[PDB]
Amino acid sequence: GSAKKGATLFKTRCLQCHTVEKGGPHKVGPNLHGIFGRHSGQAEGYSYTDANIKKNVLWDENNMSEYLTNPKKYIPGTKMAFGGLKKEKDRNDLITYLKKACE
């Protein structure tokens, strides 16, 4: 994908909830640092929902595209109020941007 347009998508459709850095801001959504192996959620006092905890799913490139295409369809009852990346070109542009900021 394109890691430079993914910076634009994340700043406009994700930064008001999530911050991929090092701390734990947890504005509305949890932090997305080190999204390689987390399955359901993380243990940092962040009150998740019993929607994503059910049936742990490794955060891979192919399944997050399913999650960012339709969030509630992929996880029924998720608190993340997001419309969805209905396109696949910008879905590859964004996931390319996330994986580079998880070191």
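All residue numbers refer to positions in the sequence shown, first residue = 1.
**Q** Look up the CA B-factors in the entry and say which stretch, 71 to 79 or 36 to 44, has the higher mean.
**A** If you average the C-alpha B-factors of 36 to 44 and of 71 to 79, the larger mean comes out for 36 to 44.
**Q** Select lowest, middle or highest to describe the third in which the CA B-factor of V28 falls within its chain in this entry.
**A** Bottom third by C-alpha B-factor.
**Q** Quick check on the deposited entry: does the C-alpha B-factor of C102 sit in the lowest, middle or highest third of its chain?
**A** Highest third of the chain for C102's C-alpha B-factor.
**Q** Looking at the temperature factor on the CA atom of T49, which third of the chain's modelled residues does it land in?
**A** CA B-factor rank for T49: lowest third.
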